[PDB]
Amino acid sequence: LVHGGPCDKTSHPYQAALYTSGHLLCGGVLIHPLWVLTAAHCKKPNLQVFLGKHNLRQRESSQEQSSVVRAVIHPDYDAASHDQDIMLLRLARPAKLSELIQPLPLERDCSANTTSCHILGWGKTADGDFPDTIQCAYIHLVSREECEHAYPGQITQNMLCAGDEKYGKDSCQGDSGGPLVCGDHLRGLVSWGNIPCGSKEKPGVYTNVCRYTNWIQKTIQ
């Protein structure tokens, strides 16, 4: 995440870190004791899920690890256009909850008017390096008209744009699958966007979570 800053230690209990080959690959969102929601492009064999993490370089009393017993990628995910970039990860066992490990409710209403949101992750920062401490940044949802104007012919109904015209705060490589939180509900998942990262002109594009309430519900059931 570029142009942001370190998150408060107790503000991201729903944040999951996804690892493979010993390195962080993506972020994810705990939406149920047995399920972590993330981006479909975070699919890799032998994913490791870490909950209750804040600083990657410090062993934290609240961190819990888990293996993935099953990964459900959206049947219509398209890795070229990024359409339907969503995947559900079933944990070996239900997550143990506490102040630092909690699920995040999904935004079911696509017309929700809460525009001031925030993103977070351990992805690449402005200096081009990967932080040990998770980063946070507040951004705003951008109208679909402006979204489509920035990315003509590349935005589908399954995508939502968000960015920061002042500092260009934006998600980046490594933040993929992480949450776009609006009004205490999950509004989107880090999917793709401008490269180099920065959202002043080209806003970040997120998976439109409100569109998948039925699919997720049916999958967890």
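Note that residue numbering begins at 1 and tracks the sequence as displayed.
In this crystal structure, the stretch out of 191 to 199 and 63 to 71 whose C-alpha atoms carry the higher mean B factor is 63 to 71.
The stretch 150 to 158 shows the higher mean C-alpha B-factor when 150 to 158 is compared against 170 to 178 in the entry. Take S116, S81, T133, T125 and read off each C-alpha B-factor from the entry; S116 has the highest. Placement of the Cα temperature factor of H54 within the chain: lowest third of the modelled residues, per the deposited record.
When all modelled residues of the chain are sorted by CA temperature factor, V209 is found within the middle third.
For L141, the recorded CA B-factor ranks within the middle third of the chain. Only modelled residues enter the ranking. For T38, the recorded CA temperature factor ranks within the lowest third of the chain's modelled residues. For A92, the recorded CA B-factor ranks within the highest third of the chain. Only modelled residues enter the ranking.
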